[PDB]
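The lines below spell out each chain.
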Amino acid sequence: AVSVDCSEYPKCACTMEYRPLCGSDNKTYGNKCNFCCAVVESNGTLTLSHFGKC
């Protein structure tokens, strides 16, 4: 649905912008900072699904 550019953007210490995204990981996300962080540990096998509680 949307393309994100995080060429090496591991940041699992964000805590401010609240945004419940439906990530392809089968769950919601706390923000795009947690989306690019889970992707750094997913090996690029994680994505988005539809902004909003899955």
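Caption draft 1: View of the pattern of salt bridges. Within the structure shown, the criterion is met by one salt bridge. Between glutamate 17 and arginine 19 there is a salt bridge; the shortest N-O distance is 3.4 Å. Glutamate 17 gets classed as exposed once you look at its relative accessible area, which sits at 51%.

Caption draft 2: The nonpolar core, seen in detail. Residues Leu21, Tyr29, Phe35, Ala38 and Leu46 constitute the largest nonpolar core, which totals five residues. Not counting residues within four places of it along the chain, the set of residues in contact with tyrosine 29 comprises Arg19, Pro20, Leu21, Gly23, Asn34, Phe35, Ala38, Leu46 and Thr47.

Caption draft 3: Layout of the packing of aromatic side chains. Using the criterion set out here, one finds one aromatic pair in the structure. The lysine or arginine in question, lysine 11, covers the ring of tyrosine 9, its NZ or CZ lying 4.0 Å from the ring centre. The side chain of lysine 32 reaches across the aromatic face of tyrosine 9, ending 5.8 Å from its centre.

Caption draft 4: Quick peek at the UniProt feature "disulfide bond" in the protein chain. Judged by the 2.5 Å criterion, the disulfide between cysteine 6 and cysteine 36 that UniProt reports is present, the sulfurs being 2.0 Å apart. Of the two residues, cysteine 6 is situated in the segment before β1 (21–23) and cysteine 36 in helix α1 (residues 32–42); the sequence distance between them amounts to 30 residues. Of the two residues, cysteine 6 and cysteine 36, both sit in the buried class. At 2.0 Å, the distance between the sulfur atoms of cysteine 14 and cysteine 33 falls under 2.5 Å, matching the disulfide given in UniProt. Note that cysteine 14 is positioned in the segment before β1 and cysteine 33 in helix α1, a separation of 19 residues in sequence.

The rules we used
- Each chain's residues are numbered sequentially from 1 according to the written sequence, a convention that need not reproduce the entry's numbering, and residues without coordinates are excluded.
- Note that water and hydrogens are dropped before the side-chain values are worked out from all heavy atoms of the structure.
- One speaks of a salt bridge when a side-chain nitrogen belonging to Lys or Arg is within 4 Å of a carboxyl oxygen belonging to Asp or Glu.
- Each residue is assigned to one of three classes by its accessible area relative to the maximum for its type, calculated with a 1.4 Å probe on protein chains only: buried under 20%, partly exposed between the two thresholds, exposed over 50%.
- To form a nonpolar core, buried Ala, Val, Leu, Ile, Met, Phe, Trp, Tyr and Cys residues must be joined to one another through side-chain atoms within 4.5 Å.
- Working rule for contacts: check all heavy atoms of both residues, and any pair within 4.5 Å makes them a contact.
- Any pair of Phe, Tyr and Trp rings, taking the six-membered ring for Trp, is counted once the centres come within 6.5 Å. Such a pair is stacked with planes under 30 degrees apart, edge-to-face with planes over 60 apart, and tilted for the rest.
- Only when the NZ of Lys or the CZ of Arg is both within 6 Å of the ring centre and within 35 degrees of the ring normal is a charge said to sit over the ring.
- Note on disulfides: each one is a pair of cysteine sulfur atoms within 2.5 Å.
- UniProt positions are given in the numbering used here, feature names are shortened, and annotations may be inferred rather than shown by experiment.
- A run of H or I in DSSP becomes a helix once it reaches four residues, and a run of E becomes a strand once it reaches two; helices and strands are each numbered from the N terminus.

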